[PDB]
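Peer 1: Have a look at this one before I ask anything.
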Protein chains: 2
Amino acid sequence: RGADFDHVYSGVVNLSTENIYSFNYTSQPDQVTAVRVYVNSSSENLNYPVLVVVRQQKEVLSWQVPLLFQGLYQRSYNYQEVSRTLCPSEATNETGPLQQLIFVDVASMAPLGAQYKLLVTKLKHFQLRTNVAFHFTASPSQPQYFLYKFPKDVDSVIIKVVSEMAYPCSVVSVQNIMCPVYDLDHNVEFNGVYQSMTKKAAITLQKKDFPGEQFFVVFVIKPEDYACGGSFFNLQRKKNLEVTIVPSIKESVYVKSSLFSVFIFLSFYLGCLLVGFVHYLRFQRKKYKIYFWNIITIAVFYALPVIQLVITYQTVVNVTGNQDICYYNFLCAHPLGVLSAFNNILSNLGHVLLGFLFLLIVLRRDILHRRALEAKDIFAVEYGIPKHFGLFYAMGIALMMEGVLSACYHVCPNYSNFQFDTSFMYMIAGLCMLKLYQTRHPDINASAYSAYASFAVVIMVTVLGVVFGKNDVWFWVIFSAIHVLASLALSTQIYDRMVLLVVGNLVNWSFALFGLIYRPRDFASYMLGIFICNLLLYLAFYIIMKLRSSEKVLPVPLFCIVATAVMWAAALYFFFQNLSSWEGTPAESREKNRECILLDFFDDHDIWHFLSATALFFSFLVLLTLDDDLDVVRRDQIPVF
Amino acid sequence: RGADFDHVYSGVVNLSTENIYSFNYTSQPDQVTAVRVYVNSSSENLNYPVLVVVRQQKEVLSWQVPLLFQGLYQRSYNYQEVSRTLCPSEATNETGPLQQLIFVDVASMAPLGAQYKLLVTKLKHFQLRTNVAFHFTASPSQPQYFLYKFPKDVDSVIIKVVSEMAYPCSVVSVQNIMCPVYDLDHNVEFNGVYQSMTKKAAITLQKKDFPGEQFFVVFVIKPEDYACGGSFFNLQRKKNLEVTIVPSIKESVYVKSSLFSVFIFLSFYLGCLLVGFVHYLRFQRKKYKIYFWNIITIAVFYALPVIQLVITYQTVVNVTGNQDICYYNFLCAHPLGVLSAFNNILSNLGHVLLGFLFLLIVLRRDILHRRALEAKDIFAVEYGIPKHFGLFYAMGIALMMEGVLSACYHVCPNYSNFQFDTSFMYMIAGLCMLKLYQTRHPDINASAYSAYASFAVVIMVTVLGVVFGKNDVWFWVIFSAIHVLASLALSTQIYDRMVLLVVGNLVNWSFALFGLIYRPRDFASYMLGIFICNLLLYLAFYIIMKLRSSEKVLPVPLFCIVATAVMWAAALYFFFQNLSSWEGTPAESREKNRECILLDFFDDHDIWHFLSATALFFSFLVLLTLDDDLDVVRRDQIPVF
Ligand SMILES: CC(C)CCC[C@@H](C)[C@H]1CC[C@H]2[C@@H]3CC=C4C[C@@H](O)CC[C@]4(C)[C@H]3CC[C@]12C
Ligand SMILES: CC(C)CCC[C@@H](C)[C@H]1CC[C@H]2[C@@H]3CC=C4C[C@@H](O)CC[C@]4(C)[C@H]3CC[C@]12C
Ligand SMILES: CC(C)CCC[C@@H](C)[C@H]1CC[C@H]2[C@@H]3CC=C4C[C@@H](O)CC[C@]4(C)[C@H]3CC[C@]12C
Ligand SMILES: CC(C)CCC[C@@H](C)[C@H]1CC[C@H]2[C@@H]3CC=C4C[C@@H](O)CC[C@]4(C)[C@H]3CC[C@]12C
Ligand SMILES: CC(C)CCC[C@@H](C)[C@H]1CC[C@H]2[C@@H]3CC=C4C[C@@H](O)CC[C@]4(C)[C@H]3CC[C@]12C
Ligand SMILES: CC(C)CCC[C@@H](C)[C@H]1CC[C@H]2[C@@H]3CC=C4C[C@@H](O)CC[C@]4(C)[C@H]3CC[C@]12C
Ligand SMILES: CC(C)CCC[C@@H](C)[C@H]1CC[C@H]2[C@@H]3CC=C4C[C@@H](O)CC[C@]4(C)[C@H]3CC[C@]12C
Ligand SMILES: CC(C)CCC[C@@H](C)[C@H]1CC[C@H]2[C@@H]3CC=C4C[C@@H](O)CC[C@]4(C)[C@H]3CC[C@]12C
Ligand SMILES: CCCCCCCC/C=C\CCCCCCCC(=O)O
Ligand SMILES: CCCCCCCC/C=C\CCCCCCCC(=O)O
Ligand code: NA
Ligand SMILES: [Zn+2]
Ligand SMILES: [Zn+2]
């Protein structure tokens, strides 16, 4: 029967009568037309569903109305309105105008007839345009997909899908232009790239991956919300979606950002060179060695698991096309070669460059001291605090190792990797507190085993607390007992000294209270703030004790105190901007994704990598230079606190 | 049109003519009938395919002939014969006999008519019986599935599928009894458990998982062999398959095997008790302490990555139903609780029980030595070899830590976990060689860091060689250089002594040559044989040097030598029986799965865990007791080699 587009057809189908409709249309060359078939049935009997068959030249598509979904825990869902887009045939210029015919056959085996309504329409907005936002709606029984053709200049695009509400949750899949299109929840993840989506989704594609420089963006709504961190839930679950296809940054942005990263850090090298030059002009005109290596060994022992894991996770993402596995920022994930997010790795360059600079600065001090000790300078031998540079070498190397470990985490950030980003800073903050204590008490043995053992136990507490003590009121109660007791014990060792000890313990008790009351899910970041607080508290205690003892703070140490405080306040702010959350579902993390802040390449977490290295670098300089005033004062006179 | 079952229908379909067939059958209660629809079209034009629609009461099924598959690297496959089993409806006794009607509609849009052949048949062997082998055939375009109902007495079954040839490779999926059945490669992995299969597959199921105590066993043949370690490849890819449903072992087998494992090892405790009792009757009638703890720290540092990984892999297996992720011996993987293969973890009880026994043996001699020294015994003080039991405590605790590390690996053995099965044995073999050298050269410092560092570097070489040096002629050439040079340097320090050194280098050179020519993919096991070989060579050198120096081998040490040699020969044999291979694909590894050898619970790899612990336990006793004859001899008179 000849039928018209955009015309709603009603009918009753029983065993005897089947209703057939014929739609003929012409597709002009270089023009793609998609036909959407909508059938709905208001029939109580699901024992006798309305069966819809759409036959085209090269394909037959069949479905049933009401569409039934099997839910978790034996939940049943039925969708009375079912809509499908028929795979489009694109006429090349050579083929010419193509006359195509669609047959929509409607049948039912019901003894009394079952009613249905049919609307077949042509999609006027099937093709998606660049930098244009398109708003649409999808349902579990009404999946939608659209066509995008890569423009010549554009060699890569990002697919940004936004929703106002978290649920129902969807799947955004990118597939090549070949029939069939997998737009059902039972085959959508078979082919191509896909992401789970509650509120936001971002898929980055390259032209070389797709033949014909075109793809289909498929939007499938799940009958239930379980895979996307939701409780559950026969009635329309319409999701209002907006999708925009934006070109990615050009290769020039990669060059400008890599140069910027190296240059800000190399600027520090120039600044150290200028200071060194002034001393050279003045000169002409006028806790051990197994520690540098130990930090390496500990880092390598710790790097091996993550690196082996990276391979396997990277493998599974590439094959399955599951962008769910790695918790990238997505909105600012910039790919170089294999790396999905090169920008994250590049941000860790400062840790390596700044850590290296520190080793060179420490070395000059060691070489100069050693030369002075040989010359038997009175000041080198008997004036000032005895100088040991071993912990300083470990600190510099640890900063570099932190950069490498953080970069490894960023190859695939996820639940198995969560610790590695900020963990080595527990070692960095731990080493810095020994250097403070060793300054006055240079008699502390400090075995290599003790560092390795402490790190292992601290990480053991960290990983165990995240996995098994996620939010339990029990775990946080026990941990608060250790935290407070550790603070009491430490305070008595490292420490008006009494008033300072009270302030010192109180800050730790306050932190324990915040943790107990708030129960943060990110125990790794909470554990990190425990080491940062105690590092800054002991550093502040040292400065206060230095002032009460009338010891001076020279301009070079004093500037580093201001820079350390300013950089720590700035770095912590960018640390508190959560752009992805491995504790939640992949769809929940993606709601936190943001467009990146600096040079269109670096996000808030990238700035935290720049500023954490600079804050840690300037913290090293405070320890290195603070007691340089005493170099004139006799060691005998020098007090001990 | 009324049509007959098991009758082949021919017809020509053009735009004008569609051919419709009606098949009616009666399903008796408590009787399941499945109908298979076969359509084959020998039509050159794939632009105009034959479209087949099979409509039933509940659902409608449609497909096209020839069936087209999109292959990797743009390969195209077409199958003129397509066959499908229609979702059976099971009549309960209450419903009674049910008269069901099937409509098979055949259509084509070809201008000249396209021929087809149709056979609709009822499957007389749809239901699978217990302990009965059923042989069938499946094709990429002709998937098959069958029904199994759990017997009342049987609470769990294993699905064993066997094929004579590796390719074409298949997917065996287990799904609940609900329509639709996902029997296509684009939806087979959506629901239920599934395994990839080349030659063998084994799926273990429990009755509690399935409602109705029934499931579908779905067999889907892949159009290509890539996922199963093979290459490409329009023509039938028929796979002859045999599937048997066998009940799993009863809970009594779990109890009898757990008791056996504890008892053989506790028997050793009784044997040590009997020896201790005889000495107590005789008595009445007449390289340091930071090492025990260090091995713990190293093991914990090493246990943390694997344990965190276990959680995430175990998660993904449970959700997706993908049995391909872990590399168990599925033919004897027995589950207890959350563990998929409990027998693999129980087999590691020998390490902890025999490692604990050795610590009690060392402790006695440590206590009796200190008690003597307190009593100023002449023989304890000036006769015999200086006694340092510190490395014995490390060896005993390392054996325990190897049992827990090997048990953690067997929670989910895979490519990310490879090292954990045998890596700590490198530590054990290395500790045992230091104890040998420390015996006649008591003045060796042996720092804790050195053990940790050596382990880290040795594992770094092991993991790097497996991942990046899989079979390269380059990597094995460099490694043979280190292996020859390391053994050449070691031979000079520890080793007619000259003839022995020559024999000692030839064995290492031979091992290197075997590796160089053979290029084993399992570098972890090859690395293990390097440590075992040198441990037994240095042990044999010590015995030979003991005999040439006219020093006796007492009966207790001498028995341990025989037991160590016999157990090492026996353990190595069960080590060479590869029942699973993480280096290959999951389907390739399943080809080596075997039914398990001992008590219907333990396979060849489980026996290697029993015998490796016993060989390592008796190796410890050789070191502990060998020089107990020198206790009467004065320390000065004792030679050093
Ligand atoms: C690994 C990171 C967290 C740094 C850890 C530093 C701390 C926790 C480690 C490193 C050095 C260690 C100390 C080394 C020296 C001594 C003095 C000794 O008589 C008692 C142990 C004690 C007090 C150790 C306590 C723990 C210790 C302070
Ligand atoms: C905060 C972390 C990272 C670093 C803390 C350094 C701590 C662990 C170190 C530095 C100084 C050390 C103390 C130095 C002096 C003494 C006195 C001695 O009779 C007992 C050990 C004791 C009490 C040490 C315990 C460990 C100690 C307190
Ligand atoms: C988790 C937070 C709140 C507390 C962390 C406590 C950690 C840093 C403390 C508690 C127990 C400590 C260990 C106690 C025992 C030893 C042996 C000794 O040779 C010093 C190192 C070592 C290994 C200590 C390292 C530091 C240590 C692990
Ligand atoms: C704020 C937290 C992380 C600091 C934890 C470090 C402090 C409290 C821990 C770490 C290592 C611990 C020390 C480990 C070993 C010794 C030597 C022993 O003879 C006295 C106790 C003493 C000195 C412990 C005191 C508490 C201790 C110093
Ligand atoms: C895993 C295996 C190789 C462990 C073997 C450990 C023992 C047997 C080996 C490994 C390192 C070796 C030592 C390496 C360096 C020296 C310093 C030299 O001036 C005397 C010999 C001595 C002390 C060697 C003795 C033998 C030695 C201790
Ligand atoms: C089987 C082959 C690959 C093993 C080779 C191991 C070699 C390369 C590694 C493993 C253990 C390592 C040693 C561990 C202990 C020490 C003592 C330390 O004070 C200096 C480094 C030194 C000397 C290391 C040198 C390199 C080393 C000998
Ligand atoms: C752990 C597995 C992989 C192998 C273990 C090897 C251990 C036991 C061996 C291998 C390398 C050896 C060290 C190599 C370096 C030296 C030289 C000298 O300065 C003291 C002995 C010492 C420190 C050796 C001690 C024993 C040692 C650490
Ligand atoms: C694999 C078989 C052959 C055993 C391997 C023995 C290795 C681990 C042993 C044997 C010879 C040893 C080396 C001999 C020479 C030295 C002394 C000093 O310069 C540092 C340790 C170092 C470098 C040793 C490291 C460990 C060593 C390389
Ligand atoms: C004197 C104060 C020193 C600095 C204290 C810092 C306090 C940090 C405490 C933990 C907060 C963790 C919860 C929210 C942060 C999440 C980290 C992230 O977004 O990646
Ligand atoms: C004197 C000889 C001492 C013992 C030497 C043992 C030799 C072992 C060498 C490596 C063989 C590795 C290749 C095949 C074994 C695979 C291990 C496995 O099946 O799990
Ligand atoms: Na099913
Ligand atoms: Zn980071
Ligand atoms: Zn094992």
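As shown in the structure tokens, the chain order sets the letters A, B, ...; within each chain, residues go from 1, and ligands are also counted from 1 in the order they appear.
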For ligand 10, return the neighbouring residues as JSON, numbers by chain (distance at most 6 Å; only C-alpha atoms and all ligand atoms).
Peer 2: {"B": [520, 525, 526, 529, 532, 533, 575, 576, 577, 578]}
Peer 1: Residues up to 6 Å from ligand 6, counting only C-alpha atoms and all ligand atoms: could you list those as a PDB file with N, CA and C atoms, in the first residue's frame?
Peer 2:
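Below is the file result-v5.pdb, written as the result:
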```pdb
ATOM      1  N   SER B 450      70.690  -4.517  50.330  1.00  0.00           N
ATOM      2  CA  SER B 450      71.188  -5.319  49.239  1.00  0.00           C
ATOM      3  C   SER B 450      70.186  -6.383  48.805  1.00  0.00           C
ATOM      4  N   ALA B 453      67.296  -4.464  47.054  1.00  0.00           N
ATOM      5  CA  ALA B 453      67.766  -3.965  45.775  1.00  0.00           C
ATOM      6  C   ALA B 453      67.971  -5.047  44.743  1.00  0.00           C
ATOM      7  N   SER B 454      68.568  -6.159  45.147  1.00  0.00           N
ATOM      8  CA  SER B 454      68.797  -7.263  44.236  1.00  0.00           C
ATOM      9  C   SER B 454      67.501  -7.866  43.765  1.00  0.00           C
ATOM     10  N   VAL B 457      65.913  -5.476  41.228  1.00  0.00           N
ATOM     11  CA  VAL B 457      66.583  -5.472  39.930  1.00  0.00           C
ATOM     12  C   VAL B 457      66.329  -6.782  39.194  1.00  0.00           C
ATOM     13  N   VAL B 458      66.376  -7.905  39.914  1.00  0.00           N
ATOM     14  CA  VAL B 458      66.143  -9.202  39.286  1.00  0.00           C
ATOM     15  C   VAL B 458      64.725  -9.285  38.736  1.00  0.00           C
TER      16      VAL B 458
END
```
Peer 1: Please, which residues have at least one atom within 6 Å of an atom of ligand 8, using only C-alpha atoms and all ligand atoms, listed as a PyMOL selection string?
Peer 2: chain B and resi 483+486-487+489-490+530
Peer 1: Find the residues of chain A that sit at most 9 Å from ligand 1; for each, write down the nearest two atoms and how far apart they are in Å, to one decimal. Count only C-alpha atoms and all ligand atoms. Sort by chain, then by number going up, and give it as JSON lines.
Peer 2:
```
{"residue": "A:287", "atom": "CA", "partner": "ligand 1", "partner_atom_place_in_ligand_line": "11 (C)", "distance": 8.8}
{"residue": "A:424", "atom": "CA", "partner": "ligand 1", "partner_atom_place_in_ligand_line": "2 (C)", "distance": 8.4}
{"residue": "A:425", "atom": "CA", "partner": "ligand 1", "partner_atom_place_in_ligand_line": "2 (C)", "distance": 8.6}
{"residue": "A:426", "atom": "CA", "partner": "ligand 1", "partner_atom_place_in_ligand_line": "3 (C)", "distance": 5.2}
{"residue": "A:427", "atom": "CA", "partner": "ligand 1", "partner_atom_place_in_ligand_line": "2 (C)", "distance": 4.0}
{"residue": "A:428", "atom": "CA", "partner": "ligand 1", "partner_atom_place_in_ligand_line": "2 (C)", "distance": 7.1}
{"residue": "A:429", "atom": "CA", "partner": "ligand 1", "partner_atom_place_in_ligand_line": "4 (C)", "distance": 7.0}
{"residue": "A:430", "atom": "CA", "partner": "ligand 1", "partner_atom_place_in_ligand_line": "4 (C)", "distance": 3.6}
{"residue": "A:431", "atom": "CA", "partner": "ligand 1", "partner_atom_place_in_ligand_line": "4 (C)", "distance": 5.4}
{"residue": "A:432", "atom": "CA", "partner": "ligand 1", "partner_atom_place_in_ligand_line": "4 (C)", "distance": 8.4}
{"residue": "A:433", "atom": "CA", "partner": "ligand 1", "partner_atom_place_in_ligand_line": "6 (C)", "distance": 7.6}
{"residue": "A:434", "atom": "CA", "partner": "ligand 1", "partner_atom_place_in_ligand_line": "6 (C)", "distance": 6.6}
{"residue": "A:444", "atom": "CA", "partner": "ligand 1", "partner_atom_place_in_ligand_line": "15 (C)", "distance": 5.8}
{"residue": "A:445", "atom": "CA", "partner": "ligand 1", "partner_atom_place_in_ligand_line": "15 (C)", "distance": 5.5}
{"residue": "A:446", "atom": "CA", "partner": "ligand 1", "partner_atom_place_in_ligand_line": "14 (C)", "distance": 4.0}
{"residue": "A:447", "atom": "CA", "partner": "ligand 1", "partner_atom_place_in_ligand_line": "14 (C)", "distance": 6.1}
{"residue": "A:448", "atom": "CA", "partner": "ligand 1", "partner_atom_place_in_ligand_line": "11 (C)", "distance": 8.1}
{"residue": "A:449", "atom": "CA", "partner": "ligand 1", "partner_atom_place_in_ligand_line": "10 (C)", "distance": 8.6}
{"residue": "A:450", "atom": "CA", "partner": "ligand 1", "partner_atom_place_in_ligand_line": "12 (C)", "distance": 5.2}
{"residue": "A:451", "atom": "CA", "partner": "ligand 1", "partner_atom_place_in_ligand_line": "1 (C)", "distance": 4.5}
{"residue": "A:452", "atom": "CA", "partner": "ligand 1", "partner_atom_place_in_ligand_line": "1 (C)", "distance": 6.2}
{"residue": "A:453", "atom": "CA", "partner": "ligand 1", "partner_atom_place_in_ligand_line": "1 (C)", "distance": 7.1}
{"residue": "A:454", "atom": "CA", "partner": "ligand 1", "partner_atom_place_in_ligand_line": "1 (C)", "distance": 4.5}
{"residue": "A:455", "atom": "CA", "partner": "ligand 1", "partner_atom_place_in_ligand_line": "1 (C)", "distance": 3.8}
{"residue": "A:456", "atom": "CA", "partner": "ligand 1", "partner_atom_place_in_ligand_line": "1 (C)", "distance": 7.5}
{"residue": "A:457", "atom": "CA", "partner": "ligand 1", "partner_atom_place_in_ligand_line": "1 (C)", "distance": 8.5}
{"residue": "A:458", "atom": "CA", "partner": "ligand 1", "partner_atom_place_in_ligand_line": "3 (C)", "distance": 6.5}
{"residue": "A:459", "atom": "CA", "partner": "ligand 1", "partner_atom_place_in_ligand_line": "3 (C)", "distance": 8.7}
{"residue": "A:531", "atom": "CA", "partner": "ligand 1", "partner_atom_place_in_ligand_line": "3 (C)", "distance": 8.3}
```
Peer 1: Compile the contact shell of residue 410 (chain A) as a VMD selection string: residues with an atom at most 10 Å away, counting only C-alpha atoms, same-chain residues fewer than 2 positions apart removed.
Peer 2: chain A and resid 310 326 to 328 339 to 345 348 404 to 408 412 to 414 417 to 418 420 to 421
Peer 1: Excluding residue 40 (chain B) and any residue of its chain fewer than 2 positions from it, enumerate the residues within 9 Å of it, using only C-alpha atoms, and give them as a VMD selection string.
Peer 2: chain B and resid 38 42 65 to 66 79 to 83 115 to 119
Peer 1: Generate a file of the selected residues that holds N, CA and C atoms, formatted as a compact mmCIF listing (two decimals), in the first residue's frame.
Peer 2:
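Result file follows (selection02.txt):
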```
# COMPACT_ATOMS: atom_id res chain seq x y z
N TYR B 38 16.17 -23.10 8.35
CA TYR B 38 17.34 -23.06 7.50
C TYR B 38 16.98 -22.40 6.21
N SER B 42 21.50 -19.13 -3.26
CA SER B 42 22.68 -19.09 -4.11
C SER B 42 22.53 -17.96 -5.09
N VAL B 65 19.87 -13.32 3.67
CA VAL B 65 20.73 -14.33 3.08
C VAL B 65 21.21 -13.81 1.69
N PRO B 66 22.57 -13.71 1.39
CA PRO B 66 23.70 -14.20 2.19
C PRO B 66 24.00 -13.34 3.41
N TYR B 79 27.83 -15.65 3.49
CA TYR B 79 27.44 -17.03 3.78
C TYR B 79 26.07 -17.31 3.20
N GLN B 80 26.04 -18.14 2.18
CA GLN B 80 24.79 -18.44 1.51
C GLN B 80 23.83 -19.28 2.32
N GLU B 81 24.30 -20.00 3.33
CA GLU B 81 23.44 -20.81 4.16
C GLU B 81 23.32 -20.25 5.56
N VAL B 82 22.11 -19.88 5.97
CA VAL B 82 21.89 -19.30 7.29
C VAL B 82 20.83 -20.06 8.07
N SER B 83 21.17 -20.53 9.26
CA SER B 83 20.24 -21.31 10.07
C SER B 83 20.08 -20.84 11.50
N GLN B 115 16.49 -16.74 -6.08
CA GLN B 115 16.15 -18.05 -5.54
C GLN B 115 16.58 -18.31 -4.12
N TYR B 116 15.85 -19.18 -3.42
CA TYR B 116 16.17 -19.52 -2.05
C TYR B 116 15.72 -20.93 -1.79
N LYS B 117 16.20 -21.56 -0.73
CA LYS B 117 15.72 -22.87 -0.31
C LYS B 117 15.42 -22.81 1.18
N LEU B 118 14.28 -23.32 1.62
CA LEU B 118 13.89 -23.26 3.03
C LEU B 118 13.62 -24.59 3.66
N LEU B 119 14.24 -24.88 4.79
CA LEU B 119 13.90 -26.09 5.51
C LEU B 119 13.61 -25.69 6.93
```
Peer 1: Write out as a list in words the residues lying within 6 Å of residue 613 (chain B), counting only C-alpha atoms and excluding same-chain residues fewer than 4 positions away.
Peer 2: residues 350, 351 and 617 of chain B
Peer 1: Tell me, as a PDB file with N, CA, C and O atoms, in the first residue's frame, which residues lie within 10 Å of residue 235 (chain B), counting only C-alpha atoms; anything in the same chain fewer than 3 positions away does not count.
Peer 2:
```pdb
ATOM      1  N   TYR B  77      33.029 -11.182   4.279  1.00  0.00           N
ATOM      2  CA  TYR B  77      32.636 -12.584   4.267  1.00  0.00           C
ATOM      3  C   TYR B  77      31.137 -12.675   4.040  1.00  0.00           C
ATOM      4  O   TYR B  77      30.372 -11.888   4.606  1.00  0.00           O
ATOM      5  N   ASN B  78      30.722 -13.629   3.212  1.00  0.00           N
ATOM      6  CA  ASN B  78      29.321 -13.834   2.876  1.00  0.00           C
ATOM      7  C   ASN B  78      28.999 -15.321   2.953  1.00  0.00           C
ATOM      8  O   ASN B  78      29.812 -16.156   2.546  1.00  0.00           O
ATOM      9  N   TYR B  79      27.825 -15.647   3.489  1.00  0.00           N
ATOM     10  CA  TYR B  79      27.445 -17.025   3.782  1.00  0.00           C
ATOM     11  C   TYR B  79      26.070 -17.314   3.198  1.00  0.00           C
ATOM     12  O   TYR B  79      25.066 -16.776   3.673  1.00  0.00           O
ATOM     13  N   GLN B  80      26.037 -18.140   2.177  1.00  0.00           N
ATOM     14  CA  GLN B  80      24.793 -18.444   1.510  1.00  0.00           C
ATOM     15  C   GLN B  80      23.830 -19.283   2.319  1.00  0.00           C
ATOM     16  O   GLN B  80      22.671 -19.265   2.037  1.00  0.00           O
ATOM     17  N   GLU B  81      24.300 -20.001   3.328  1.00  0.00           N
ATOM     18  CA  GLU B  81      23.435 -20.805   4.162  1.00  0.00           C
ATOM     19  C   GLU B  81      23.316 -20.253   5.560  1.00  0.00           C
ATOM     20  O   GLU B  81      24.294 -20.182   6.270  1.00  0.00           O
ATOM     21  N   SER B 139      28.376 -22.964  12.515  1.00  0.00           N
ATOM     22  CA  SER B 139      28.988 -22.146  11.478  1.00  0.00           C
ATOM     23  C   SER B 139      28.832 -20.684  11.877  1.00  0.00           C
ATOM     24  O   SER B 139      28.010 -20.376  12.748  1.00  0.00           O
ATOM     25  N   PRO B 140      29.615 -19.759  11.310  1.00  0.00           N
ATOM     26  CA  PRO B 140      29.384 -18.339  11.621  1.00  0.00           C
ATOM     27  C   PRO B 140      27.971 -17.875  11.318  1.00  0.00           C
ATOM     28  O   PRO B 140      27.426 -17.043  12.051  1.00  0.00           O
ATOM     29  N   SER B 141      27.360 -18.392  10.257  1.00  0.00           N
ATOM     30  CA  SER B 141      25.989 -18.046   9.913  1.00  0.00           C
ATOM     31  C   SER B 141      24.964 -19.021  10.477  1.00  0.00           C
ATOM     32  O   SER B 141      23.762 -18.789  10.316  1.00  0.00           O
ATOM     33  N   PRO B 223      33.502 -15.121  12.619  1.00  0.00           N
ATOM     34  CA  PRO B 223      33.889 -15.071  11.199  1.00  0.00           C
ATOM     35  C   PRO B 223      35.392 -15.044  10.982  1.00  0.00           C
ATOM     36  O   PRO B 223      35.864 -15.402   9.897  1.00  0.00           O
ATOM     37  N   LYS B 238      32.682 -24.517   9.237  1.00  0.00           N
ATOM     38  CA  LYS B 238      32.000 -25.418  10.120  1.00  0.00           C
ATOM     39  C   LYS B 238      32.911 -25.904  11.209  1.00  0.00           C
ATOM     40  O   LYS B 238      34.037 -26.302  10.944  1.00  0.00           O
TER      41      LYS B 238
END
```
Peer 1: Pick from B:356, B:103, B:148, B:260: nearest to chain A, with only C-alpha atoms counted?
Peer 2: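 The answer is B:103, which sits nearest to chain A.
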Peer 1: Nearest to ligand 13: which of B:107, B:397, B:638, B:411 is it, counting only C-alpha atoms and all ligand atoms?
Peer 2: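 Using only C-alpha atoms and all ligand atoms, ligand 13 sits closest to B:411.
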Peer 1: If we count only C-alpha atoms and set the cut-off at 7 Å, which residues sit around region 589-605 of chain B, ignoring sequence neighbours fewer than 6 positions away in its own chain? Please answer as JSON, numbers by chain.
Peer 2: {"B": [199, 200, 201, 257, 329, 330, 331, 332, 343, 574, 575, 577, 578, 579, 580, 581, 582]}
Peer 1: Rounded to one decimal, what separation in Å do you get between CA of residue 263 (chain A) and CA of residue 402 (chain A)?
Peer 2: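 Computed distance, CA of residue 263 (chain A) to CA of residue 402 (chain A), equals 20.0 Å.
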Peer 1: I need the strand (DSSP E) residues of region 11-120 of chain B per DSSP on the backbone, written as a ChimeraX atom specification.
Peer 2: /B:11-13,19-27,34-40,50-55,60-65,67-71,75-79,81-86,98-107,114-120
Peer 1: Considering only C-alpha atoms and all ligand atoms, tabulate each residue of chain A that lies at most 12 Å from ligand 11 along with its nearest interatomic pair and the corresponding distance in Å to one decimal; arrange the rows by chain and ascending residue number and present them as a Markdown table.
Peer 2:
```
| residue | atom | partner | partner_atom_place_in_ligand_line | distance |
| --- | --- | --- | --- | --- |
| A:69 | CA | ligand 11 | 1 (Na) | 11.5 |
| A:70 | CA | ligand 11 | 1 (Na) | 9.5 |
| A:186 | CA | ligand 11 | 1 (Na) | 11.4 |
```
Peer 1: Convert the current residue selection to file output with N, CA and C atoms, as an mmCIF file, in the first residue's frame.
Peer 2:
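Contents of the output file selection23.cif:
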```cif
data_model
loop_
_atom_site.group_PDB
_atom_site.id
_atom_site.type_symbol
_atom_site.label_atom_id
_atom_site.label_comp_id
_atom_site.auth_asym_id
_atom_site.auth_seq_id
_atom_site.Cartn_x
_atom_site.Cartn_y
_atom_site.Cartn_z
ATOM 1 N N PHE A 69 12.333 -5.132 28.236
ATOM 2 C CA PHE A 69 13.704 -5.150 28.723
ATOM 3 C C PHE A 69 13.764 -6.025 29.966
ATOM 4 N N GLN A 70 14.772 -6.887 30.035
ATOM 5 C CA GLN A 70 15.008 -7.644 31.252
ATOM 6 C C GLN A 70 15.945 -6.870 32.171
ATOM 7 N N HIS A 186 22.001 -4.293 23.484
ATOM 8 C CA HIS A 186 22.583 -5.629 23.470
ATOM 9 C C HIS A 186 23.639 -5.777 22.379
#
```
Peer 1: What does the distance from atom 10 (C, counted along the ligand's line) of ligand 2 to CA of residue 624 (chain A) come to in Å, to one decimal?
Peer 2: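 Going from atom 10 (C, counted along the ligand's line) of ligand 2 over to CA of residue 624 (chain A), I get 17.5 Å.
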